[PDB]
file work_20.cif (mmCIF, N, CA and C atoms)
data_my_file
#
loop_
_atom_site.label_atom_id
_atom_site.label_comp_id
_atom_site.auth_asym_id
_atom_site.auth_seq_id
_atom_site.Cartn_x
_atom_site.Cartn_y
_atom_site.Cartn_z
N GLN S 1 15.07 2.93 -12.92
CA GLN S 1 13.77 3.25 -12.27
C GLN S 1 12.88 2.04 -12.08
N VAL S 2 11.76 2.29 -11.41
CA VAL S 2 10.96 1.26 -10.79
C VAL S 2 9.51 1.51 -11.16
N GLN S 3 8.76 0.43 -11.38
CA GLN S 3 7.33 0.53 -11.62
C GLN S 3 6.59 -0.29 -10.57
N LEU S 4 5.41 0.21 -10.19
CA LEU S 4 4.60 -0.38 -9.14
C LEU S 4 3.23 -0.67 -9.73
N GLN S 5 2.72 -1.87 -9.52
CA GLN S 5 1.41 -2.21 -10.06
C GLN S 5 0.53 -2.89 -9.02
N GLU S 6 -0.56 -2.20 -8.66
CA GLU S 6 -1.52 -2.67 -7.67
C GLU S 6 -2.56 -3.56 -8.31
N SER S 7 -3.10 -4.48 -7.51
CA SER S 7 -4.24 -5.29 -7.91
C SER S 7 -4.90 -5.87 -6.66
N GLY S 8 -6.04 -6.52 -6.84
CA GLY S 8 -6.75 -7.09 -5.71
C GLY S 8 -7.86 -6.23 -5.14
N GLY S 9 -8.08 -5.04 -5.71
CA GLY S 9 -9.18 -4.19 -5.30
C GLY S 9 -10.54 -4.78 -5.66
N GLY S 10 -11.60 -4.10 -5.24
CA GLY S 10 -12.94 -4.51 -5.59
C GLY S 10 -14.00 -4.16 -4.55
N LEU S 11 -15.10 -4.90 -4.61
CA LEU S 11 -16.26 -4.67 -3.76
C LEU S 11 -16.38 -5.75 -2.68
N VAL S 12 -16.55 -5.32 -1.44
CA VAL S 12 -16.69 -6.24 -0.32
C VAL S 12 -17.74 -5.71 0.64
N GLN S 13 -18.50 -6.62 1.25
CA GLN S 13 -19.47 -6.28 2.29
C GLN S 13 -18.76 -5.83 3.55
N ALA S 14 -19.34 -4.83 4.23
CA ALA S 14 -18.82 -4.38 5.53
C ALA S 14 -18.62 -5.57 6.46
N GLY S 15 -17.48 -5.59 7.15
CA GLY S 15 -17.11 -6.70 8.01
C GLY S 15 -16.24 -7.73 7.31
N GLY S 16 -16.23 -7.71 5.97
CA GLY S 16 -15.44 -8.64 5.17
C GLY S 16 -13.95 -8.30 5.10
N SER S 17 -13.22 -9.09 4.31
CA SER S 17 -11.77 -8.99 4.18
C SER S 17 -11.35 -8.83 2.71
N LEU S 18 -10.17 -8.25 2.50
CA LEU S 18 -9.61 -8.04 1.16
C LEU S 18 -8.10 -7.92 1.24
N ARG S 19 -7.40 -8.55 0.30
CA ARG S 19 -5.95 -8.48 0.22
C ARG S 19 -5.49 -7.76 -1.05
N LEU S 20 -4.82 -6.63 -0.88
CA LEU S 20 -4.23 -5.90 -2.01
C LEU S 20 -2.80 -6.36 -2.25
N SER S 21 -2.38 -6.34 -3.52
CA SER S 21 -1.02 -6.71 -3.91
C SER S 21 -0.41 -5.56 -4.69
N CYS S 22 0.88 -5.34 -4.47
CA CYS S 22 1.65 -4.40 -5.25
C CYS S 22 2.93 -5.06 -5.69
N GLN S 23 3.05 -5.28 -7.00
CA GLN S 23 4.25 -5.86 -7.56
C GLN S 23 5.16 -4.77 -8.07
N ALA S 24 6.41 -4.81 -7.64
CA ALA S 24 7.41 -3.90 -8.13
C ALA S 24 8.17 -4.59 -9.25
N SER S 25 8.55 -3.83 -10.27
CA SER S 25 9.43 -4.34 -11.32
C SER S 25 10.44 -3.27 -11.70
N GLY S 26 11.43 -3.65 -12.50
CA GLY S 26 12.51 -2.77 -12.89
C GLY S 26 13.69 -2.92 -11.95
N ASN S 27 14.24 -1.79 -11.53
CA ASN S 27 15.43 -1.78 -10.68
C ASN S 27 15.11 -1.90 -9.18
N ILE S 28 14.67 -3.11 -8.81
CA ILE S 28 14.26 -3.49 -7.46
C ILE S 28 15.26 -3.11 -6.38
N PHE S 29 16.54 -3.23 -6.70
CA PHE S 29 17.62 -2.93 -5.76
C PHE S 29 17.63 -1.47 -5.29
N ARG S 30 16.93 -0.61 -6.02
CA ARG S 30 16.81 0.80 -5.69
C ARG S 30 15.73 1.09 -4.61
N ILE S 31 14.83 0.14 -4.39
CA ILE S 31 13.76 0.34 -3.42
C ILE S 31 14.27 0.27 -1.99
N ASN S 32 13.86 1.25 -1.18
CA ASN S 32 14.06 1.20 0.27
C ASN S 32 12.72 0.88 0.97
N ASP S 33 12.14 1.85 1.69
CA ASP S 33 10.85 1.64 2.34
C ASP S 33 9.74 1.57 1.29
N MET S 34 8.66 0.87 1.65
CA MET S 34 7.45 0.86 0.85
C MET S 34 6.23 1.11 1.74
N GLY S 35 5.11 1.51 1.12
CA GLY S 35 3.90 1.78 1.86
C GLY S 35 2.63 1.83 1.04
N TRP S 36 1.51 1.90 1.76
CA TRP S 36 0.19 2.03 1.20
C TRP S 36 -0.42 3.33 1.68
N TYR S 37 -0.95 4.09 0.72
CA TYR S 37 -1.66 5.32 0.98
C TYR S 37 -3.09 5.06 0.49
N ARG S 38 -4.03 5.87 0.95
CA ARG S 38 -5.39 5.82 0.44
C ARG S 38 -5.96 7.22 0.31
N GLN S 39 -6.92 7.37 -0.59
CA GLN S 39 -7.57 8.65 -0.82
C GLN S 39 -9.06 8.39 -0.99
N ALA S 40 -9.81 8.69 0.06
CA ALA S 40 -11.27 8.54 0.06
C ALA S 40 -11.90 9.65 -0.79
N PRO S 41 -13.12 9.42 -1.29
CA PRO S 41 -13.83 10.44 -2.08
C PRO S 41 -13.93 11.76 -1.32
N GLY S 42 -13.33 12.82 -1.87
CA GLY S 42 -13.35 14.14 -1.25
C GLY S 42 -12.15 14.50 -0.38
N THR S 43 -11.46 13.48 0.15
CA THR S 43 -10.41 13.70 1.15
C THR S 43 -9.00 13.73 0.56
N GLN S 44 -8.03 14.09 1.40
CA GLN S 44 -6.62 14.09 1.03
C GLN S 44 -6.05 12.67 1.14
N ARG S 45 -4.98 12.41 0.39
CA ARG S 45 -4.21 11.18 0.44
C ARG S 45 -3.54 11.03 1.80
N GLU S 46 -3.72 9.88 2.45
CA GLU S 46 -3.08 9.62 3.73
C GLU S 46 -2.30 8.31 3.77
N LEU S 47 -1.17 8.34 4.48
CA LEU S 47 -0.38 7.15 4.74
C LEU S 47 -1.15 6.23 5.68
N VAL S 48 -1.31 4.99 5.24
CA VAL S 48 -2.07 4.00 5.98
C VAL S 48 -1.15 2.95 6.64
N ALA S 49 -0.11 2.54 5.92
CA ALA S 49 0.83 1.53 6.42
C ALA S 49 2.16 1.64 5.69
N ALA S 50 3.26 1.34 6.39
CA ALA S 50 4.59 1.37 5.80
C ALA S 50 5.45 0.21 6.30
N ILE S 51 6.42 -0.20 5.50
CA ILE S 51 7.32 -1.29 5.86
C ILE S 51 8.72 -1.00 5.34
N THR S 52 9.72 -1.33 6.15
CA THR S 52 11.10 -1.19 5.75
C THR S 52 11.58 -2.53 5.21
N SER S 53 12.73 -2.54 4.54
CA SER S 53 13.28 -3.77 3.97
C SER S 53 13.46 -4.88 5.01
N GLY S 54 13.79 -4.50 6.24
CA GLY S 54 13.99 -5.44 7.32
C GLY S 54 12.70 -5.91 7.98
N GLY S 55 11.58 -5.25 7.68
CA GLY S 55 10.28 -5.67 8.19
C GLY S 55 9.65 -4.82 9.29
N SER S 56 10.21 -3.65 9.60
CA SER S 56 9.60 -2.75 10.59
C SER S 56 8.37 -2.09 9.98
N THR S 57 7.27 -2.06 10.73
CA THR S 57 6.01 -1.56 10.18
C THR S 57 5.43 -0.44 11.02
N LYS S 58 4.51 0.31 10.40
CA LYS S 58 3.73 1.31 11.09
C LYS S 58 2.38 1.49 10.43
N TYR S 59 1.42 1.95 11.22
CA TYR S 59 0.04 2.04 10.80
C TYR S 59 -0.60 3.30 11.32
N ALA S 60 -1.53 3.84 10.54
CA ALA S 60 -2.41 4.88 11.03
C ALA S 60 -3.34 4.23 12.04
N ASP S 61 -3.67 4.98 13.09
CA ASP S 61 -4.59 4.53 14.14
C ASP S 61 -5.91 4.01 13.60
N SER S 62 -6.38 4.61 12.50
CA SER S 62 -7.69 4.29 11.93
C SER S 62 -7.77 2.87 11.37
N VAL S 63 -6.63 2.29 11.04
CA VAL S 63 -6.59 0.94 10.48
C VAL S 63 -5.79 -0.07 11.32
N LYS S 64 -5.05 0.42 12.31
CA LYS S 64 -4.20 -0.44 13.12
C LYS S 64 -5.02 -1.52 13.83
N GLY S 65 -4.50 -2.75 13.82
CA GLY S 65 -5.22 -3.90 14.33
C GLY S 65 -6.13 -4.56 13.29
N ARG S 66 -6.47 -3.84 12.23
CA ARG S 66 -7.34 -4.38 11.18
C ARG S 66 -6.59 -4.69 9.88
N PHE S 67 -5.58 -3.86 9.57
CA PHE S 67 -4.78 -3.97 8.34
C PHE S 67 -3.37 -4.45 8.69
N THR S 68 -2.82 -5.30 7.83
CA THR S 68 -1.44 -5.77 7.96
C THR S 68 -0.71 -5.59 6.63
N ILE S 69 0.43 -4.91 6.70
CA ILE S 69 1.33 -4.80 5.56
C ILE S 69 2.41 -5.87 5.72
N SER S 70 2.78 -6.50 4.61
CA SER S 70 3.80 -7.53 4.60
C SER S 70 4.42 -7.56 3.21
N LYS S 71 5.44 -8.40 3.04
CA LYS S 71 6.17 -8.46 1.77
C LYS S 71 6.58 -9.89 1.44
N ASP S 72 6.73 -10.15 0.14
CA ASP S 72 7.33 -11.38 -0.35
C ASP S 72 8.47 -11.00 -1.27
N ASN S 73 9.69 -11.08 -0.74
CA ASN S 73 10.89 -10.67 -1.46
C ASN S 73 11.07 -11.42 -2.78
N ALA S 74 10.86 -12.73 -2.75
CA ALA S 74 10.99 -13.57 -3.93
C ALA S 74 10.03 -13.17 -5.05
N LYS S 75 8.88 -12.61 -4.69
CA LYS S 75 7.90 -12.20 -5.69
C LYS S 75 7.94 -10.70 -5.98
N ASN S 76 8.84 -9.98 -5.30
CA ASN S 76 8.93 -8.52 -5.41
C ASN S 76 7.60 -7.81 -5.14
N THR S 77 6.81 -8.35 -4.21
CA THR S 77 5.51 -7.77 -3.95
C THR S 77 5.23 -7.49 -2.47
N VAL S 78 4.50 -6.40 -2.22
CA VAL S 78 4.06 -6.03 -0.88
C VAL S 78 2.55 -6.13 -0.82
N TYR S 79 2.03 -6.51 0.35
CA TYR S 79 0.60 -6.78 0.49
C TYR S 79 -0.01 -5.86 1.52
N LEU S 80 -1.30 -5.61 1.37
CA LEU S 80 -2.11 -4.99 2.40
C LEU S 80 -3.29 -5.92 2.68
N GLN S 81 -3.23 -6.62 3.82
CA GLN S 81 -4.32 -7.50 4.24
C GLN S 81 -5.33 -6.68 5.05
N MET S 82 -6.52 -6.49 4.49
CA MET S 82 -7.52 -5.63 5.12
C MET S 82 -8.69 -6.44 5.68
N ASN S 83 -8.72 -6.57 7.01
CA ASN S 83 -9.78 -7.30 7.70
C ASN S 83 -10.81 -6.35 8.31
N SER S 84 -11.97 -6.89 8.70
CA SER S 84 -13.04 -6.11 9.33
C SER S 84 -13.24 -4.74 8.67
N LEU S 85 -13.44 -4.76 7.36
CA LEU S 85 -13.58 -3.56 6.56
C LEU S 85 -14.82 -2.77 6.97
N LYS S 86 -14.69 -1.45 7.06
CA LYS S 86 -15.82 -0.54 7.33
C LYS S 86 -16.08 0.33 6.11
N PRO S 87 -17.31 0.82 5.93
CA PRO S 87 -17.63 1.74 4.83
C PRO S 87 -16.62 2.88 4.68
N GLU S 88 -16.04 3.34 5.78
CA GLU S 88 -15.07 4.44 5.75
C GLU S 88 -13.69 4.04 5.23
N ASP S 89 -13.48 2.75 4.98
CA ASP S 89 -12.25 2.29 4.31
C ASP S 89 -12.35 2.42 2.78
N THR S 90 -13.54 2.77 2.28
CA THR S 90 -13.75 3.00 0.85
C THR S 90 -12.81 4.09 0.35
N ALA S 91 -11.98 3.77 -0.63
CA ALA S 91 -10.96 4.70 -1.11
C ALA S 91 -10.24 4.12 -2.31
N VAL S 92 -9.49 4.97 -3.00
CA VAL S 92 -8.46 4.50 -3.91
C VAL S 92 -7.20 4.27 -3.07
N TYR S 93 -6.67 3.04 -3.10
CA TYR S 93 -5.44 2.68 -2.41
C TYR S 93 -4.26 2.72 -3.38
N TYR S 94 -3.18 3.36 -2.94
CA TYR S 94 -1.98 3.55 -3.74
C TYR S 94 -0.77 2.91 -3.09
N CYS S 95 -0.02 2.16 -3.89
CA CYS S 95 1.26 1.61 -3.47
C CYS S 95 2.34 2.68 -3.69
N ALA S 96 3.33 2.73 -2.80
CA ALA S 96 4.39 3.73 -2.90
C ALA S 96 5.73 3.10 -2.54
N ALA S 97 6.81 3.61 -3.11
CA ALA S 97 8.14 3.10 -2.80
C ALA S 97 9.10 4.25 -2.68
N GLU S 98 9.95 4.19 -1.66
CA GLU S 98 11.03 5.15 -1.47
C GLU S 98 12.24 4.69 -2.28
N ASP S 99 12.91 5.62 -2.94
CA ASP S 99 14.17 5.31 -3.60
C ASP S 99 15.30 5.53 -2.60
N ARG S 100 16.22 4.56 -2.53
CA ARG S 100 17.29 4.58 -1.54
C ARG S 100 18.22 5.77 -1.72
N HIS S 101 18.22 6.32 -2.93
CA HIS S 101 19.11 7.43 -3.26
C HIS S 101 18.47 8.80 -2.99
N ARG S 102 17.23 8.76 -2.50
CA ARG S 102 16.48 9.96 -2.15
C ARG S 102 15.55 9.62 -0.99
N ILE S 103 16.12 9.41 0.19
CA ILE S 103 15.33 8.95 1.33
C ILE S 103 14.41 10.05 1.87
N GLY S 104 13.31 9.63 2.49
CA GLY S 104 12.38 10.54 3.13
C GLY S 104 11.24 11.02 2.25
N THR S 105 11.28 10.72 0.95
CA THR S 105 10.16 11.03 0.06
C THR S 105 9.77 9.81 -0.76
N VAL S 106 8.55 9.84 -1.30
CA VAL S 106 8.12 8.82 -2.24
C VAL S 106 8.85 8.99 -3.58
N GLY S 107 9.51 7.93 -4.04
CA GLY S 107 10.14 7.96 -5.35
C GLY S 107 9.22 7.46 -6.45
N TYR S 108 8.39 6.47 -6.13
CA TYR S 108 7.56 5.79 -7.13
C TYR S 108 6.16 5.53 -6.60
N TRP S 109 5.15 5.74 -7.45
CA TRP S 109 3.74 5.50 -7.14
C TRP S 109 3.13 4.47 -8.09
N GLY S 110 2.21 3.65 -7.57
CA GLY S 110 1.34 2.85 -8.42
C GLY S 110 0.19 3.70 -8.95
N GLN S 111 -0.67 3.11 -9.78
CA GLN S 111 -1.78 3.85 -10.38
C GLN S 111 -3.02 3.90 -9.48
N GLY S 112 -3.03 3.08 -8.44
CA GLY S 112 -4.14 3.09 -7.51
C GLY S 112 -5.14 1.98 -7.79
N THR S 113 -5.74 1.47 -6.73
CA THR S 113 -6.75 0.44 -6.86
C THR S 113 -7.95 0.76 -5.97
N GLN S 114 -9.14 0.64 -6.56
CA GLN S 114 -10.39 0.97 -5.88
C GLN S 114 -10.84 -0.12 -4.92
N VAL S 115 -11.11 0.28 -3.68
CA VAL S 115 -11.71 -0.61 -2.68
C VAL S 115 -13.05 0.01 -2.28
N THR S 116 -14.14 -0.72 -2.52
CA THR S 116 -15.47 -0.25 -2.14
C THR S 116 -16.05 -1.18 -1.08
N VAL S 117 -16.38 -0.62 0.08
CA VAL S 117 -17.01 -1.37 1.16
C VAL S 117 -18.47 -0.96 1.26
N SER S 118 -19.35 -1.92 1.02
CA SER S 118 -20.78 -1.65 1.01
C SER S 118 -21.38 -1.79 2.41
N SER S 119 -22.50 -1.11 2.64
CA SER S 119 -23.22 -1.14 3.91
C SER S 119 -24.42 -2.07 3.78
#
call {"tool": "encode", "arguments": {"input": "work_20.cif", "output": "structure tokens"}}
result
Amino acid sequence: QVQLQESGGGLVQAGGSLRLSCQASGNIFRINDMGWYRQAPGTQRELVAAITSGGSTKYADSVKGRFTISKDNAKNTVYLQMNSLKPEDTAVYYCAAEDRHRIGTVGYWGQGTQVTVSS
């Protein structure tokens, strides 16, 4: 099994930038797709960005053009680069990983990292 650990959250002024990191450890070879979800105060958890091992990406319309998901294989980490942050990006952000032996669902979750965008 696999563990996911997020970091890089915090407080940023509207219009500012923030880079989240998710380091995977354990049985790395088991990871297939990875992604970032977020859960704003009161709302449901939503998929924000996803990446495959080969580098294919996708984004929710609400963040597309502003957020970039990427990976560093050597460091076993995936990133969420968040530019032009708006107050509505305020949420707990969660790292997620698909297990190759159970495709189509999340196999592993991080504990979540708080991003607060001030007005």
call {"tool": "select_by_dssp", "arguments": {"input": "work_20.cif", "residues": "segment 15-73 of chain S", "states": "strand (DSSP E or B)", "output": "compact mmCIF listing (two decimals) with N, CA and C atoms, in the frame of the given file"}}
result
# COMPACT_ATOMS: atom_id res chain seq x y z
N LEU S 18 -10.17 -8.25 2.50
CA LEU S 18 -9.61 -8.04 1.16
C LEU S 18 -8.10 -7.92 1.24
N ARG S 19 -7.40 -8.55 0.30
CA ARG S 19 -5.95 -8.48 0.22
C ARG S 19 -5.49 -7.76 -1.05
N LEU S 20 -4.82 -6.63 -0.88
CA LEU S 20 -4.23 -5.90 -2.01
C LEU S 20 -2.80 -6.36 -2.25
N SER S 21 -2.38 -6.34 -3.52
CA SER S 21 -1.02 -6.71 -3.91
C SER S 21 -0.41 -5.56 -4.69
N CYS S 22 0.88 -5.34 -4.47
CA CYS S 22 1.65 -4.40 -5.25
C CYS S 22 2.93 -5.06 -5.69
N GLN S 23 3.05 -5.28 -7.00
CA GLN S 23 4.25 -5.86 -7.56
C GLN S 23 5.16 -4.77 -8.07
N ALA S 24 6.41 -4.81 -7.64
CA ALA S 24 7.41 -3.90 -8.13
C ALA S 24 8.17 -4.59 -9.25
N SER S 25 8.55 -3.83 -10.27
CA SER S 25 9.43 -4.34 -11.32
C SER S 25 10.44 -3.27 -11.70
N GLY S 26 11.43 -3.65 -12.50
CA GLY S 26 12.51 -2.77 -12.89
C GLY S 26 13.69 -2.92 -11.95
N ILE S 31 14.83 0.14 -4.39
CA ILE S 31 13.76 0.34 -3.42
C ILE S 31 14.27 0.27 -1.99
N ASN S 32 13.86 1.25 -1.18
CA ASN S 32 14.06 1.20 0.27
C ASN S 32 12.72 0.88 0.97
N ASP S 33 12.14 1.85 1.69
CA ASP S 33 10.85 1.64 2.34
C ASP S 33 9.74 1.57 1.29
N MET S 34 8.66 0.87 1.65
CA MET S 34 7.45 0.86 0.85
C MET S 34 6.23 1.11 1.74
N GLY S 35 5.11 1.51 1.12
CA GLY S 35 3.90 1.78 1.86
C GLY S 35 2.63 1.83 1.04
N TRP S 36 1.51 1.90 1.76
CA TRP S 36 0.19 2.03 1.20
C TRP S 36 -0.42 3.33 1.68
N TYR S 37 -0.95 4.09 0.72
CA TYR S 37 -1.66 5.32 0.98
C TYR S 37 -3.09 5.06 0.49
N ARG S 38 -4.03 5.87 0.95
CA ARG S 38 -5.39 5.82 0.44
C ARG S 38 -5.96 7.22 0.31
N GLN S 39 -6.92 7.37 -0.59
CA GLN S 39 -7.57 8.65 -0.82
C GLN S 39 -9.06 8.39 -0.99
N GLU S 46 -3.72 9.88 2.45
CA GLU S 46 -3.08 9.62 3.73
C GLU S 46 -2.30 8.31 3.77
N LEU S 47 -1.17 8.34 4.48
CA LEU S 47 -0.38 7.15 4.74
C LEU S 47 -1.15 6.23 5.68
N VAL S 48 -1.31 4.99 5.24
CA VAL S 48 -2.07 4.00 5.98
C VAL S 48 -1.15 2.95 6.64
N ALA S 49 -0.11 2.54 5.92
CA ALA S 49 0.83 1.53 6.42
C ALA S 49 2.16 1.64 5.69
N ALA S 50 3.26 1.34 6.39
CA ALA S 50 4.59 1.37 5.80
C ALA S 50 5.45 0.21 6.30
N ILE S 51 6.42 -0.20 5.50
CA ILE S 51 7.32 -1.29 5.86
C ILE S 51 8.72 -1.00 5.34
N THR S 57 7.27 -2.06 10.73
CA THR S 57 6.01 -1.56 10.18
C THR S 57 5.43 -0.44 11.02
N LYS S 58 4.51 0.31 10.40
CA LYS S 58 3.73 1.31 11.09
C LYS S 58 2.38 1.49 10.43
N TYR S 59 1.42 1.95 11.22
CA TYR S 59 0.04 2.04 10.80
C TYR S 59 -0.60 3.30 11.32
N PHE S 67 -5.58 -3.86 9.57
CA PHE S 67 -4.78 -3.97 8.34
C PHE S 67 -3.37 -4.45 8.69
N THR S 68 -2.82 -5.30 7.83
CA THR S 68 -1.44 -5.77 7.96
C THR S 68 -0.71 -5.59 6.63
N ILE S 69 0.43 -4.91 6.70
CA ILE S 69 1.33 -4.80 5.56
C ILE S 69 2.41 -5.87 5.72
N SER S 70 2.78 -6.50 4.61
CA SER S 70 3.80 -7.53 4.60
C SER S 70 4.42 -7.56 3.21
N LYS S 71 5.44 -8.40 3.04
CA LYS S 71 6.17 -8.46 1.77
C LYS S 71 6.58 -9.89 1.44
N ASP S 72 6.73 -10.15 0.14
CA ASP S 72 7.33 -11.38 -0.35
C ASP S 72 8.47 -11.00 -1.27
call {"tool": "closest_residue", "arguments": {"input": "work_20.cif", "among": "S:19, S:43, S:94, S:25", "to": "residue 3 of chain S", "atoms": "all atoms listed in the file"}}
result
S:25
call {"tool": "closest_residue", "arguments": {"input": "work_20.cif", "among": "S:110, S:104, S:65, S:41", "to": "residue 81 of chain S", "atoms": "only C-alpha atoms"}}
result
S:65
call {"tool": "resolve_selection", "arguments": {"input": "work_20.cif", "expression": "the PyMOL selection byres ((chain S and resi 76) around 6)", "output": "NGL selection string"}}
result
:S and (22-24 or 72-75 or 77-78)
call {"tool": "atom_distance", "arguments": {"input": "work_20.cif", "atom1": "atom C of residue 1 of chain S", "atom2": "atom CA of residue 68 of chain S"}}
result
25.8 Å
call {"tool": "residues_near_point", "arguments": {"input": "work_20.cif", "point": "(-11.3, -3.7, -6.0)", "cutoff": "12 Å", "atoms": "only C-alpha atoms", "output": "list in words"}}
result
residues 6, 7, 8, 9, 10, 11, 12, 13, 17, 18, 19, 20, 21, 82, 89, 90, 91, 92, 93, 112, 113, 114, 115, 116, 117 and 118 of chain S
call {"tool": "resolve_selection", "arguments": {"input": "work_20.cif", "expression": "the PyMOL selection byres ((chain S and resi 109) around 6)", "output": "list in words"}}
result
residues 4, 95, 96, 97, 107, 108, 110 and 111 of chain S
call {"tool": "select_by_dssp", "arguments": {"input": "work_20.cif", "residues": "segment 43-95 of chain S", "states": "helix (DSSP H, G or I)", "output": "ChimeraX atom specification"}}
result
/S:73-75,87-89
call {"tool": "atom_distance", "arguments": {"input": "work_20.cif", "atom1": "atom N of residue 62 of chain S", "atom2": "atom N of residue 100 of chain S"}}
result
27.1 Å
call {"tool": "atom_distance", "arguments": {"input": "work_20.cif", "atom1": "atom N of residue 106 of chain S", "atom2": "atom CA of residue 71 of chain S"}}
result
18.7 Å
call {"tool": "resolve_selection", "arguments": {"input": "work_20.cif", "expression": "the PyMOL selection byres ((chain S and resi 36) around 7)", "output": "JSON, numbers by chain"}}
result
{"S": [34, 35, 37, 38, 46, 47, 48, 49, 50, 51, 93, 94, 95, 96]}
call {"tool": "write_last_selection", "arguments": {"input": "work_20.cif", "atoms": "N, CA and C atoms", "output": "mmCIF file, keeping the file's coordinate frame"}}
result
data_model
loop_
_atom_site.group_PDB
_atom_site.id
_atom_site.type_symbol
_atom_site.label_atom_id
_atom_site.label_comp_id
_atom_site.auth_asym_id
_atom_site.auth_seq_id
_atom_site.Cartn_x
_atom_site.Cartn_y
_atom_site.Cartn_z
ATOM 1 N N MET S 34 8.660 0.870 1.650
ATOM 2 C CA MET S 34 7.450 0.860 0.850
ATOM 3 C C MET S 34 6.230 1.110 1.740
ATOM 4 N N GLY S 35 5.110 1.510 1.120
ATOM 5 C CA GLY S 35 3.900 1.780 1.860
ATOM 6 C C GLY S 35 2.630 1.830 1.040
ATOM 7 N N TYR S 37 -0.950 4.090 0.720
ATOM 8 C CA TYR S 37 -1.660 5.320 0.980
ATOM 9 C C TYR S 37 -3.090 5.060 0.490
ATOM 10 N N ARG S 38 -4.030 5.870 0.950
ATOM 11 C CA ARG S 38 -5.390 5.820 0.440
ATOM 12 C C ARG S 38 -5.960 7.220 0.310
ATOM 13 N N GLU S 46 -3.720 9.880 2.450
ATOM 14 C CA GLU S 46 -3.080 9.620 3.730
ATOM 15 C C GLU S 46 -2.300 8.310 3.770
ATOM 16 N N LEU S 47 -1.170 8.340 4.480
ATOM 17 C CA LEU S 47 -0.380 7.150 4.740
ATOM 18 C C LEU S 47 -1.150 6.230 5.680
ATOM 19 N N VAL S 48 -1.310 4.990 5.240
ATOM 20 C CA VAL S 48 -2.070 4.000 5.980
ATOM 21 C C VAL S 48 -1.150 2.950 6.640
ATOM 22 N N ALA S 49 -0.110 2.540 5.920
ATOM 23 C CA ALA S 49 0.830 1.530 6.420
ATOM 24 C C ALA S 49 2.160 1.640 5.690
ATOM 25 N N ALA S 50 3.260 1.340 6.390
ATOM 26 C CA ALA S 50 4.590 1.370 5.800
ATOM 27 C C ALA S 50 5.450 0.210 6.300
ATOM 28 N N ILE S 51 6.420 -0.200 5.500
ATOM 29 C CA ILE S 51 7.320 -1.290 5.860
ATOM 30 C C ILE S 51 8.720 -1.000 5.340
ATOM 31 N N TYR S 93 -6.670 3.040 -3.100
ATOM 32 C CA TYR S 93 -5.440 2.680 -2.410
ATOM 33 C C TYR S 93 -4.260 2.720 -3.380
ATOM 34 N N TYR S 94 -3.180 3.360 -2.940
ATOM 35 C CA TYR S 94 -1.980 3.550 -3.740
ATOM 36 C C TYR S 94 -0.770 2.910 -3.090
ATOM 37 N N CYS S 95 -0.020 2.160 -3.890
ATOM 38 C CA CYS S 95 1.260 1.610 -3.470
ATOM 39 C C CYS S 95 2.340 2.680 -3.690
ATOM 40 N N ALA S 96 3.330 2.730 -2.800
ATOM 41 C CA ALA S 96 4.390 3.730 -2.900
ATOM 42 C C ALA S 96 5.730 3.100 -2.540
#
call {"tool": "build_atoms", "arguments": {"input": "work_20.cif", "residues": "segment 102-110 of chain S", "atoms": "N, CA, C and O atoms", "output": "PDB file, in the frame of the given file"}}
result
ATOM      1  N   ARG S 102      17.230   8.760  -2.500  1.00  0.00           N
ATOM      2  CA  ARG S 102      16.480   9.960  -2.150  1.00  0.00           C
ATOM      3  C   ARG S 102      15.550   9.620  -0.990  1.00  0.00           C
ATOM      4  O   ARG S 102      14.317   9.515  -1.158  1.00  0.00           O
ATOM      5  N   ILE S 103      16.120   9.410   0.190  1.00  0.00           N
ATOM      6  CA  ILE S 103      15.330   8.950   1.330  1.00  0.00           C
ATOM      7  C   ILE S 103      14.410  10.050   1.870  1.00  0.00           C
ATOM      8  O   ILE S 103      14.687  11.235   1.722  1.00  0.00           O
ATOM      9  N   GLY S 104      13.310   9.630   2.490  1.00  0.00           N
ATOM     10  CA  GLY S 104      12.380  10.540   3.130  1.00  0.00           C
ATOM     11  C   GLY S 104      11.240  11.020   2.250  1.00  0.00           C
ATOM     12  O   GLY S 104      10.356  11.699   2.754  1.00  0.00           O
ATOM     13  N   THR S 105      11.280  10.720   0.950  1.00  0.00           N
ATOM     14  CA  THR S 105      10.160  11.030   0.060  1.00  0.00           C
ATOM     15  C   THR S 105       9.770   9.810  -0.760  1.00  0.00           C
ATOM     16  O   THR S 105      10.540   8.848  -0.887  1.00  0.00           O
ATOM     17  N   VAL S 106       8.550   9.840  -1.300  1.00  0.00           N
ATOM     18  CA  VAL S 106       8.120   8.820  -2.240  1.00  0.00           C
ATOM     19  C   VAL S 106       8.850   8.990  -3.580  1.00  0.00           C
ATOM     20  O   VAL S 106       8.848  10.073  -4.164  1.00  0.00           O
ATOM     21  N   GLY S 107       9.510   7.930  -4.040  1.00  0.00           N
ATOM     22  CA  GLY S 107      10.140   7.960  -5.350  1.00  0.00           C
ATOM     23  C   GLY S 107       9.220   7.460  -6.450  1.00  0.00           C
ATOM     24  O   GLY S 107       9.267   7.956  -7.583  1.00  0.00           O
ATOM     25  N   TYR S 108       8.390   6.470  -6.130  1.00  0.00           N
ATOM     26  CA  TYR S 108       7.560   5.790  -7.130  1.00  0.00           C
ATOM     27  C   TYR S 108       6.160   5.530  -6.600  1.00  0.00           C
ATOM     28  O   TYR S 108       6.000   5.146  -5.437  1.00  0.00           O
ATOM     29  N   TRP S 109       5.150   5.740  -7.450  1.00  0.00           N
ATOM     30  CA  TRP S 109       3.740   5.500  -7.140  1.00  0.00           C
ATOM     31  C   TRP S 109       3.130   4.470  -8.090  1.00  0.00           C
ATOM     32  O   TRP S 109       3.457   4.438  -9.282  1.00  0.00           O
ATOM     33  N   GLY S 110       2.210   3.650  -7.570  1.00  0.00           N
ATOM     34  CA  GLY S 110       1.340   2.850  -8.420  1.00  0.00           C
ATOM     35  C   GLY S 110       0.190   3.700  -8.950  1.00  0.00           C
ATOM     36  O   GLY S 110       0.079   4.879  -8.603  1.00  0.00           O
TER      37      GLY S 110
END
